[PDB]
Student: 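Sharing a structure below in structure tokens format, with a few things to ask.
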Amino acid sequence: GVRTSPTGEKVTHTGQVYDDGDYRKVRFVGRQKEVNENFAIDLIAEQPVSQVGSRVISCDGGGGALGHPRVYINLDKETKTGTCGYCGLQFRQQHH
Amino acid sequence: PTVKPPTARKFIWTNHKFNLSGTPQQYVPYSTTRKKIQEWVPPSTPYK
Amino acid sequence: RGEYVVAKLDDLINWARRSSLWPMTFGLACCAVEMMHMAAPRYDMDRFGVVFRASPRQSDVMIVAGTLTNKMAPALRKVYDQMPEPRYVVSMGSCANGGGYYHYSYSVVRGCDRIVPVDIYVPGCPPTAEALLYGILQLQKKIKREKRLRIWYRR
Amino acid sequence: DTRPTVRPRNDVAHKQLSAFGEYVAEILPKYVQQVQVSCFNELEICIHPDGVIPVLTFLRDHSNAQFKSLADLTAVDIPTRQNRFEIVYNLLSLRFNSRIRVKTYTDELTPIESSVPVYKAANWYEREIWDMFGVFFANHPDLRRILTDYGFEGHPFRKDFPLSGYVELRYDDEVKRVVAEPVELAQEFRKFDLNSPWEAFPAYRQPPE
Amino acid sequence: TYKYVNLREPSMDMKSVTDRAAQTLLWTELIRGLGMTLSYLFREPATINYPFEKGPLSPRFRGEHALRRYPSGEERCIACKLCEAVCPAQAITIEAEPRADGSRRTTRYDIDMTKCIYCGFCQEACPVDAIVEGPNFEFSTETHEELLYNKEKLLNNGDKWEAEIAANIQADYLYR
Amino acid sequence: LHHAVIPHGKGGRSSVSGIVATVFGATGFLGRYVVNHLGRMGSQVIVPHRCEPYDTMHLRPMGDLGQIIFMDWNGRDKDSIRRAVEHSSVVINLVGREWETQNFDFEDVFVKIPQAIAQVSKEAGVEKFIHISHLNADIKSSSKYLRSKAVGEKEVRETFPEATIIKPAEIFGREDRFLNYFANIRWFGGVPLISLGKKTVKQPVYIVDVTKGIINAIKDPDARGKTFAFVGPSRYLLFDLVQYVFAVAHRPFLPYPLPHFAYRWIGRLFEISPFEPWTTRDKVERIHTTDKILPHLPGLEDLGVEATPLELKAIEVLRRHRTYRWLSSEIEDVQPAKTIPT
Amino acid sequence: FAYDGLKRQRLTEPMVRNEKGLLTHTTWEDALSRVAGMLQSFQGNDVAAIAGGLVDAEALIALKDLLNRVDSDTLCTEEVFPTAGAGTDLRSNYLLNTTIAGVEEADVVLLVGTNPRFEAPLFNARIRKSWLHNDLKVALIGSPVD
Amino acid sequence: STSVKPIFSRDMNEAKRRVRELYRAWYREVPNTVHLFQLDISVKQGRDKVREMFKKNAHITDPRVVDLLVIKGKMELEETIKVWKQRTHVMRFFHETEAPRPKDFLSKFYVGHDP
Ligand SMILES: COC1=C(OC)C(=O)C(C/C=C(\C)CC/C=C(/C)CC/C=C(/C)CC/C=C(/C)CC/C=C(/C)CC/C=C(/C)CC/C=C(/C)CC/C=C(/C)CC/C=C(\C)CCC=C(C)C)=C(C)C1=O
Ligand SMILES: CCCCCCCCCCCCCCCCCC(=O)OC[C@H](COP(=O)([O-])OCC[N+](C)(C)C)OC(=O)CCCCCCCCCCCCCCCCC
Ligand SMILES: CCCCCCCCCCCCCCCCCC(=O)OC[C@H](COP(=O)(O)OCCN)OC(=O)CCCCCCCCCCCCCCCCC
Ligand SMILES: NC(=O)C1=CN([C@@H]2O[C@H](COP(=O)(O)OP(=O)(O)OC[C@H]3O[C@@H](n4cnc5c(N)ncnc54)[C@H](OP(=O)(O)O)[C@@H]3O)[C@@H](O)[C@H]2O)C=CC1
Ligand SMILES: CCCCCCCCCCCC(=O)OC[C@H](COP(=O)(O)OCC[N+](C)(C)C)OC(=O)CCCCCCCCCCC
Ligand code: SF4
Ligand code: SF4
Ligand code: SF4
Ligand SMILES: [Zn+2]
């Protein structure tokens, strides 16, 4: 999420911000600091975990050829959910 | 768009902004990476 | 009131300058081809009042359309200097903006802004004839917001 | 030659060029050092630097050559060779609808005779070679820089000349003119090591050192 | 096969000589040139009323760059650096690190729009349709610095033009 | 700052000098040279301007991308002063007018504005402050310009005790109003000089020398709290100087004396101009004010600058004042003017 | 993997003690002037130097020459080595004379008071290779380390 | 081995003649150059610069290298006489905008890492 540093400058999704003594803050005087307010780390975390019945599931990102290369995710571990290395969607095997 | 509207996404801007160059809303480039080398901070108490 | 009058006089000279822009006949590389198409019938820059004239002494705008090399850089500064004021520079294309495809060449100037001041930067390689025309109409709006006389009135 | 993706061979032209390569080497043994024909049917004659005027004159005037057009003339810089420069002449024959390549060599200090007497087209190609490589052509009608800026020092197309050079230009308001200063780059050119550590073409494997 | 363009012998009969005499003295072939420009004066001009009308474009148009997201809001870019390796102008600078959730993501994604040659090689090489050239071309600026796009500026462009960008990829991805 | 900006590079356009400088009055004669030198070595320059942005265009090519930053400011608005100095390490005040307007007078320009800048600079945490006074600034001066210079000089020395005060002589250069001023008197036929210009002594200093002294005062820690007098290497009578200006410009020199009171009446006549006045009463007083000799103050030689003689650079300034017949005349064609022995 | 330690706790500016007794940043001119003032005021045994573990030969000789300009010979190291007998007069006294590649030719190796697995990981790997391929006989006098 | 094709001069004695001939051409040209280009330098500064350029290569003993230097020098002279060069090209020999870089070890030490 977008949060402001004590001096008031916004912090980007990469965690970048200028210190209170950094002369480079002069570039924002009379202008604005461009910051994207839709942090991708928050939005992916809002997606529900998909329940599946097989030990191995495939993700192409949705949209077929408009997604990402099809990869196969192993769901044998019960402690954690299998995560797509491309798009971050999580899958869990039904009742292990 | 009135006959075939665009797909709806919750991250698409609801309000369109025209070219903002020359105004206070213009874009100012900056580096989006954090500092790389951390300097040593001397102790704040005299050794003596 | 005096502030009202200088405001209206400012609106008059600003109008006259943005409605009668005369670019210098000056093109360097491929970007000048796209500048020709802005004079071609489809876009017809002449209908906005924009007329090319070859003499730098009768030009109001310099469009740096193409690559600027070290050999040509003294020539560019000379023709820019020989332009009576007020004079505006429009930088067209990646080469004239920051070197473009030839940024790392021994013989290329990394941006025309190292040689002359630049008022509008038009991106592209080349910018379409309609993208250069956007920069010209963006230059006209810049001239429309000048406050030469108002700033004089309160000196 | 029925394979869709492979380039078909023209073995009729390969024999003809090989036959004519021997023909030239038989007539000019004083200068011809090596003849070869590539797999895409391009004949190359490699000569001693002294044979530039005799070889090209024969190839332009002999009734069985008639190479009346100088397609191009250029140099290649190979630092590892004792003679680092390789002068390449690409000739075209309109009479016989054929092409031939004549190659010689030189170094930083050895001149090569100018071929303007043989081909008027070589006037500017030799200026470009001198300007971009520093190879001097003797008896050239007027030899000087053609592409580089006035007063430019060095030869850009040498392999040891840096890509961005040594100097760059800006405008200085104190002296009211364009000045030249040592090159500083806001972003350094990023060198990519693209070569794969696995051999690609066994046919060209050089004998082990 | 060849043809001659200017190998013709004029007739020498008295009627042909007089015809050429009338052309010389009465400027007939110059009057004919006037008639061609008079015809254009009465044709409709080809000018369009910009900016109220726009020149036609196609879904393949290569305009301003943008970074896209998946429908869930996650960034498509996974810091592979194929765009950086193929960019002919070296206009792309990328840095990456594991994100707080362990995802392969970028911390720097800069495009110097003054080095870029708007060739589209980056969107060809992207295996996840992350970096695209959008349909926008009206983004001139009053200063040089505004053309040095960073990651925040590129994500804002993607979020602004996604509605149009998605429809153009839908119209052209079968040709790719 | 304990760990200030660390310099990097070889002192070029893309290097970092570690100098973040706010230059008030950068859009004038002395400003363009200072900004050029700062930006020539890779320095962050903030340029607050009161003029139209079109009037700041010649400063843009003076620095790499993002190194020259422009802001609006008002001399009577402390908030706008604080915006433009709150991030800087050095502040250079080059604000001045040679004439009084309807809105600003010598007191407002040379006393109130410098004090406000210094006061805000101290509160903002700036460490180095460079202030440009005049050599002939004394409280007992007939020139109201030179009286305000004296008052402003002491106000700055109190508000910013560690400030560096520079007192130049009449600076000359391409855009100066000193040699151009004399060469432009040809429009009126003859040159009127009080006492025929033989009772006044001038010690003009070259613009680049003043600029390099200002830059060297930023880098030298020994200039904190000092007051420097920047003067040229040679002293001239007003007559011999003006005679030299007309000799280099190759134009007829027809001087005549004019009483002081009459010369002030001429100055009053030309003050009515609602634009940049050609001359004023104050300009006549400064022109005929003998340049002070202040051996107790450090000068250019201390900061490390070799003062450039007026004879090596007058042609660079005065060549454009020649006609076509004399444009090509070389530098070694006018013998140097008589110099008052040291 | 220890290279990442080169990005933390780095000394980047000269420092000196101020009135309060705290280290504060200063210029190179100021720092070398203080050290030069004291070095001029002392000589002989009053000046000594200690060299750490990561110091290079070029710096070692420059400091030795500098301290010899004040007639000092107290150039020490943190690592002890006996000076009894030949001391450091003969190189063979303080070297691995068989060479790392010579372990492959030895047939008996005696390790005295050393845990080579951690003191020299690559030297220990060389011993294991000789152990595996040359049937080396290894004996150790010291703590029974793995 | 050691037998090479010459360019213009067969020995240093012959080569030095071409050096002197070139020097006399440059020496006579400076007054014209300082006049046509309207340089703000003196004829003495220009002729000092020519001398500085010649003494920069006084250690050469290979006649061929000397021949190329004269060849390059004559190209420079031709560019200046015909005014192919501009005022900017003729003033690049004086480096007026380059701040004097340090020469002694201490000054180089303070500013950076370069030798
Ligand atoms: C392909 O390879 C390449 C080239 O190869 C071609 C190149 O070339 C180049 C180099 C390129 C360039 C230098 C730029 C090229 C760009 C172009 C647009 C050229 C292409 C072709 C054209 C035909 C463009 C325009 C030229 C013409 C001839 C069009 C004719 C129409 C016009 C409107 C021109 C002028 C005409 C008229 C009738 C006069 C208008 C002029 C005025 C000044 C306006 C009126 C004048 C006044 C003085 C004001 C009026 C009122 C007054 C004076 C006051 C009266 C009232 C009172 C009260 C006093 C490159 C790089 C290249 O790669
Ligand atoms: C029966 C009794 C015996 C006597 C009877 C005689 C009756 C006939 C009288 C002679 C008729 C002569 C007609 C005039 C000829 C003059 C022209 C000429 O010399 O031609 C040769 C000239 C030159 O022709 P040439 O270039 O081919 O060379 C001729 C000579 N040789 C071939 C040997 C080299 O033609 C021109 O003048 C070219 C015109 C220049 C372009 C002008 C633009 C065209 C404009 C067209 C519109 C004109 C509108 C005019 C009306 C305006 C109304 C106000
Ligand atoms: C019929 C039209 C009457 C109305 C025209 C009014 C305009 C007059 C101006 C134009 C000149 C046309 C008048 C000249 C006679 C034309 C008729 C004619 O010549 O007879 C036709 C006959 C057929 O020609 P043919 O045999 O095919 O080849 C020529 C071989 N001598 O040709 C001949 O063989 C006869 C001999 C031809 C040579 C005679 C000399 C002709 C050239 C003299 C200059 C004529 C123009 C003088 C007036 C100039 C002013 C306009
Ligand atoms: N002959 C000389 O040059 C001398 C110079 N000095 C002093 O050096 C300083 C620099 O002057 P100089 O460069 O030579 O000549 P300039 O008059 O050209 O410089 C004046 C600068 O100060 C600004 N200025 C003037 N009044 C105001 C105001 N009310 N508010 C805001 N800015 C103002 C101007 O901005 P803007 O243009 O937008 O109004 C301009 O940038 C002056 O203080 C001068 O007294 C001392 C000795 C000799
Ligand atoms: C042939 C002889 C020529 C004479 C000179 C003519 C040019 C100068 C005149 C200026 C007079 C003056 O004073 O106007 C100025 C006054 C206010 O003065 P201020 O603010 O005290 O100025 C003090 C100096 N500042 C301003 C630098 C601080 O503004 C006005 O109310 C109107 C100003 C605009 C001019 C109005 C005329 C409109 C004409 C329209 C034509 C189409
Ligand atoms: S920016 Fe593109 S189109 Fe324009 S000159 Fe450069 S390469 Fe050609
Ligand atoms: S469009 Fe081409 S030049 Fe521009 S960033 Fe992409 S790959 Fe690089
Ligand atoms: S934009 Fe695409 S090609 Fe470029 S780094 Fe990201 S995923 Fe790879
Ligand atoms: Zn996925």
Side-chain angles (χ1 to χ4, degrees), chain A residues 44 57-63 67-71 73 82-91, chain C residues 151-152 154-155, chain E residues 20-34 70 72 74 76 78 128, chain F residues 23-35 47-53 55-56 59 73-77 80-81 92-101 103-106 108-110 112-114 117 131-137 145-146 148-149 152 166-173 175-181 204-205 207 210-211 214 230-231 276 283 286-287 291:
Chain A
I44 187 56
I57 191 64
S58 68
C59 184
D60 60 8
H68 65 67
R70 190 193 306 125
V71 292
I73 309 172
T83 297
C84 175
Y86 281 98
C87 72
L89 293 177
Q90 298 173 296
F91 307 88
Chain C
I151 279 172
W152 162 81
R154 45 171 54 86
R155 260 174 189 273
Chain E
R20 300 194 295 273
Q23 173 171 343
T24 298
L25 291 178
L26 305 181
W27 306 339
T28 57
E29 101 296 17
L30 294 170
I31 295 289
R32 189 164 179 170
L34 287 176
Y70 288 105
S72 66
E74 175 71 343
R76 280 172 180 271
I78 42 72
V128 291
Chain F
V23 179
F24 292 97
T27 59
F29 168 43
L30 186 46
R32 47 137 48 85
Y33 287 83
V34 169
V35 175
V47 170
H49 56 100
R50 166 268 298 271
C51 53
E52 182 66 21
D55 299 321
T56 68
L59 301 179
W73 84 298
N74 194 315
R76 303 200 178 93
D77 185 5
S80 69
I81 294 174
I92 306 170
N93 179 33
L94 310 178
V95 171
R97 268 284 97 88
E98 285 190 347
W99 63 86
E100 301 189 343
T101 64
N103 303 312
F104 300 88
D105 54 68
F106 291 127
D108 299 335
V109 171
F110 289 126
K112 292 190 176 63
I113 282 172
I117 296 165
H131 172 71
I132 306 302
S133 171
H134 201 290
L135 177 70
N136 299 323
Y145 174 112
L146 296 176
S148 305
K149 282 295 200 186
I166 300 171
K167 308 166 73 71
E170 307 302 341
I171 305 164
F172 68 88
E175 299 88 3
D176 71 334
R177 284 183 297 267
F178 184 65
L179 300 182
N180 300 319
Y181 172 86
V205 59
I207 182 63
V210 180
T211 302
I214 294 173
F230 290 180
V231 298
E276 306 187 342
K283 188 60 174 292
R286 302 201 312 272
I287 289 286
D291 277 46

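Letters go in sequence order (proteins before strands), and every chain restarts at 1. For the numbers below, each heavy atom of this structure counts, side chains included, while hydrogens, waters and symmetry mates do not. When a ligand or atom number is given, it counts from 1 through the structure's own listing order.
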Student: Let me confirm one number: the CZ-CD1 distance from F/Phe24 to F/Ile113, rounded to the nearest 0.5 Å.
Tutor: 10.0 Å
Student: Which ligand 4 atoms are under 4.0 Å away from a heavy-atom of F/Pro168?
Tutor: 47 (C)
Student: What atoms of ligand 4 come within less than 4.0 Å of a heavy atom belonging to F/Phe104?
Tutor: 29 (N)
Student: If you measure from atom 46 (C) of ligand 4 to every heavy atom of F/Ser133, F/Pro48, F/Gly173, F/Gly75, which option wins on shortest distance?
Tutor: F/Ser133
Student: Please tell me if the side chains of F/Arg50 and C/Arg155 come closer than 4.5 Å, counting only heavy atoms from C-beta onward.
Tutor: yes
Student: Find out whether E/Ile78 and A/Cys87 are in side-chain contact, i.e. whether some heavy atom of one side chain is under 4.5 Å from a heavy atom of the other.
Tutor: no
Student: Taking only heavy atoms of F/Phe110, which atoms of ligand 4 are found under 4.0 Å from at least one of them?
Tutor: 43 (O), 45 (O)
Student: Which residue and atom name correspond to the protein heavy atom nearest atom 19 (O) of ligand 4, and how close is it?
Tutor: F/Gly28 CA, 3.6 Å
Student: If you measure from atom 31 (C) of ligand 4 to every heavy atom of F/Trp73, F/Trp99, F/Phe24, F/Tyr33, which option wins on shortest distance?
Tutor: F/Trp73
Student: Judging by distance only, is a nitrogen or oxygen of F/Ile113 under 3.5 angstrom from one on ligand 4?
Tutor: no
Student: Under 3.5 Å, N/O to N/O: give me all the pairs between ligand 2 and the protein, one per line with atom names and distance.
Tutor:
| from | atom 1 | to | atom 2 | distance (Å) |
| --- | --- | --- | --- | --- |
| ligand 2 | 20 (O) | E/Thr24 | O | 3.0 |
| ligand 2 | 20 (O) | E/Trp27 | NE1 | 3.4 |
| ligand 2 | 35 (O) | E/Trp27 | NE1 | 3.3 |
| ligand 2 | 37 (O) | E/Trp27 | NE1 | 3.2 |

Student: Heavy atoms only: which of F/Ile132, F/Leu179, F/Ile171, F/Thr101 is nearest to atom 1 (N) of ligand 4?
Tutor: F/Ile171
Student: In Å, rounded to the nearest 0.5 Å, how long is the span from CG of F/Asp291 to NE2 of F/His134?
Tutor: 7.5 Å
Student: Any non-hydrogen atom of F/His134 lying under 4.0 Å from ligand 4?
Tutor: yes
Student: How does F/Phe178 reach ligand 4, if at all, at less than 4.0 Å between non-hydrogen atoms: by side chain, backbone, both, or neither?
Tutor: neither
Student: Would one find an N or O of F/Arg177, backbone or side chain, under 3.5 Å from an N or O of ligand 4?
Tutor: yes
Student: A/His68 vs A/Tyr86 aromatic rings, parallel, tilted or perpendicular, using cut-offs 30° and 60°?
Tutor: parallel
Student: At less than 4.0 angstrom from any non-hydrogen atom of F/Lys149, what atoms of ligand 4 do you find?
Tutor: 7 (C), 42 (C), 43 (O), 44 (C), 45 (O)
Student: Describe, in one word, how the ring planes of F/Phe29 and F/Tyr33 are oriented to each other, choosing from parallel (under 30°), tilted (30 to 60°) and perpendicular (over 60°).
Tutor: perpendicular
Student: Has ligand 4 got any nitrogen or oxygen that is less than 3.5 angstrom from a nitrogen or oxygen of F/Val95?
Tutor: yes
Student: Treating F/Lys167 as the side-chain partner and F/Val231 as the backbone partner, does any N or O pair qualify as donor plus acceptor under 3.5 Å?
Tutor: no
Student: Considering the options F/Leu59, F/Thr56, F/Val23, which one meets the side chain to side chain contact (heavy atoms under 4.5 Å, CB included) requirement together with F/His49?
Tutor: F/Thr56
Student: For a 4.5 angstrom cut-off between non-hydrogen side-chain atoms, does F/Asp55 reach F/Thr27?
Tutor: no
Student: Indicate, as side chain, backbone, both or neither, the part of F/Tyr145 found under 4.0 angstrom from ligand 4 when only non-hydrogen atoms are considered.
Tutor: side chain
Student: Distance below 2.8 Å from the Zn ion (ligand 9): how many protein N/O/S atoms qualify?
Tutor: 4
Student: Enumerate the atoms of ligand 4 whose separation from the nearest heavy atom of F/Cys51 is less than 4.0 angstrom.
Tutor: 38 (O)
Student: Taking only heavy atoms of F/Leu94, which atoms of ligand 4 are found under 4.0 Å from at least one of them?
Tutor: 9 (C), 10 (C), 20 (C), 21 (C), 22 (O)
Student: Under 4.0 Å from any heavy atom of F/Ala169, which atoms of ligand 4 are there?
Tutor: 47 (C), 48 (C)
Student: Do F/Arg286 and F/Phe178 form a cation-pi contact, if we require the NZ or CZ to be under 6.0 Å from the six-membered ring centre and within 45 degrees of the ring's axis?
Tutor: no
Student: For atom 41 (O) of ligand 4, which candidate among F/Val205, F/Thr27, F/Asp176 provides the closest heavy atom?
Tutor: F/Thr27
Student: Check whether more than 12 heavy atoms from other residues, nucleotides or ligands sit under 6.0 Å from atom CD of F/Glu276, and answer yes or no.
Tutor: no
Student: Could you grab the distance from atom OH of F/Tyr145 to atom NZ of F/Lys283, nearest 0.5 Å is fine?
Tutor: 9.5 Å
Student: Heavy-atom distance to atom 37 (O) of ligand 4: which of F/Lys167, C/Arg155, F/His49, F/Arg50 wins?
Tutor: C/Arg155
Student: Are any of the N or O atoms of F/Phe29 closer than 3.5 Å to those of ligand 4?
Tutor: yes
